[PDB]
Each structure stands twice: as structure tokens, then as C-alpha cells.
């Protein structure tokens, strides 16, 4: 459905892009979003899809808007409006100044010191999952690795049972790529229905897990409230269950389709960290946004108080104004410009965990299964939303070509 054009929006800026079902999706989701960067498309457009909203299409505008929290507020960060209004996770739904105190607590549970110490378990899980698959000569990569590897690490960190994954993953996905059976509000309340009692249990009897540390945490020296803890823990669950999970499939699809890039990383494994960054740019996957706090003229366009603006993190690094030959993957690229982990005061707190999971996956997969391909006759289908992903990724290889370590 196309929402009626608001009085202040001129026809020449209308580009009816649907972030949940973009028309060019068959080409690949990044390609589908990149239609917004054709030379005839303005820097800032209005779509009548999903209730009506602006979209900034270029890295320069995306970065600027993410820096200017006084005009572009995080209070309502998701489209559609109903989703952004219901969205209340911490720290994301807060602007500075109040936002900042909550970042330190989140860093205690997912930041570099936690990741540094989790490294052995991350390494051991990647190796055991991949070794289990290796002799099979095939896998359904999304379900056999992309999901269980990051999700089991997160559930371990959070002290949550692995048998709870299907329910929590389903709810998470309704917040980013809704199937239509739940509104954002309904998915959020179901997630809170799960979390609220666990938070109370761990405030009564603290453990060492992430939920315990959040639930018993302090924020700038005063106790976190149960409500705040719930709102933080909800966000961490979403980061754990619906970010790296998707990104790994884009990366592995790419490697399946490009033998020369596999061979590069096999022959020069020291390039894997750089490769991770270049893949983060090329297969960037997040797009949320902000709400206008006031009427504001931005790059020659009149924005109105309360208008939503999508500021796709995915697009900055695909912008040819930020990186030449942007759809080309070059592991030797010298200035890899992107906003894949966000920009401004909300810069991703999970990015060190994410990079470790990616780098460990690349190293340990290519050691054991150096040569693999997309399954015969398979067409890989992407899906689009707040976080984009890969619906299924069937891979094959000759288990004669694999090595047990």
C-alpha cells in the first residue's frame, strides 16, 4: 500500500522504495537497495511505502544525520511508525545525554573484555560445528552454522537455555523482518514476557551471565531499574540472534561463488581480518533511522517535525562517492569506508564480538572446507528489512577435498 503523499513533499522526490520487499530483491539485497544510488536518484527521497518516510541515499547525508541527534532523534528509530513508537530498547531508543550512561553497562556484558575472555569457547564451537559438517559434503548453511554458531555463543553469554532458541529467534525476526503475524508491539511484549521474570530471578539470585550483570548493574552510579534492565536485555537478545547470523550467510554465499577470493585467503590467511572488513562493507545489512524533532531544511529538502527518515547504514559503504567500484570485493582495498556498525553516538557495542565471530568462522571454515560451491541449480534468495538476510544457503563440496585438523 502507498500512503497518501503529505502536503509538504514534492512529487519530484517520490521514489516508492519498499524496505521490506524491495523491487530488485532477486538481484541480491544490497543490489536492491543500491537502486537508490543510481545517478538520477536524488540524495534524499520520499517513499510512500510502509506509511511514508524519507530515505537518505548517500553516505554523506547518512553520516551527517546520524551525528545530528538534535534534529534526528532515536526515540522512534524503526519504520513503520507503529514499530518505531513501540521500540523502547536501551540504549538505542534514547538520545544523548541520557543514552550514554547505559552504553558503559552494555559494554560490560558484550564489549572487548568479555569477547577477549570468550575467545576459547568461540574458537571451540566454530571448529566443532565445522568439523561435524566437513565429512558430509553438504550443508544448509543458514540453519547448520550461521544460526547456531553466533546464537549458541550468545545464549551461553546470557545464561539462557539452547532449547529456547526457536521461540526467541522467531520473536527477534518479527522485529526486523516481520512475517505479518505479529506487530512489533506484540513481538516486543512476548520478548518481555520471557525476560521480565528471568531478570527478577537474577536480581534475587545474581549469576555471572550477561542478564545478571545488566539486571544488577549501575548506571552512572545509581541502580538500574527492572524496566531499564528489561529494555537493555531485549536489545542484546536482538543483537545476538539477528545480526552476525545474517552477515555470515552473505559472506559464505560470496565465498562459495568466488573461488579466487577463497584461494586468496587460503594462500594468505593474514588477510582474513582485512577481508572481514571488506565483507562488512560489501555485505552491509542494517537499515534503521530517526525521527525529526522539528521542521528542518536538510540538503535543500523541507523535513517536517515528526517525519521519519530511514538512514540506511548499509548504503554508506556501497556509495561510489565513498568507495570506488563499490560492488567489487577487494581484500586489498586501502580505505574501506562504511557505516556497517552505525555512526554517531549509537555506534555498535557488539562489533568486537561480531568481528571475532566472523574472523574465526572464515579461518576455521577455510582450513577444513577450502573448496565449496552453491548446491546444483540453487538460486539464493535474500530477504530485506531492518536487518537483511539470506533465506537459505545450500552448499556442497567433495569431502575428499576437506581436511580434519
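Residue numbers count along the first chain shown, from 1.
- The PDB entry reports B-factors from which the mean C-alpha value can be compared for 217-225 and 79-87; the larger average falls on 217-225.
- Mean CA temperature factor is higher for 10-18 when stretches 10-18 and 381-389 are set side by side in the entry.
- Residues shown: 164, 200, 307, 288. Highest C-alpha temperature factor in the entry: 200.
- The PDB entry assigns the greatest CA B-factor among 195, 235, 324, 146 to 324.
- When the modelled residues of the chain are ordered by their C-alpha B factor, residue 247 lands in the lowest third.
- Annotation for residue 186: CA B-factor lies in the middle third of the chain's modelled residues.
- In this PDB entry, residue 343 carries a Cα temperature factor that places it within the lowest third of its chain's modelled residues.
- Ranked against the other modelled residues of its chain, the C-alpha B-factor of residue 175 as given in the entry falls in the lowest third.
- When the modelled residues of the chain are ordered by C-alpha B-factor, residue 98 sits in the middle third.
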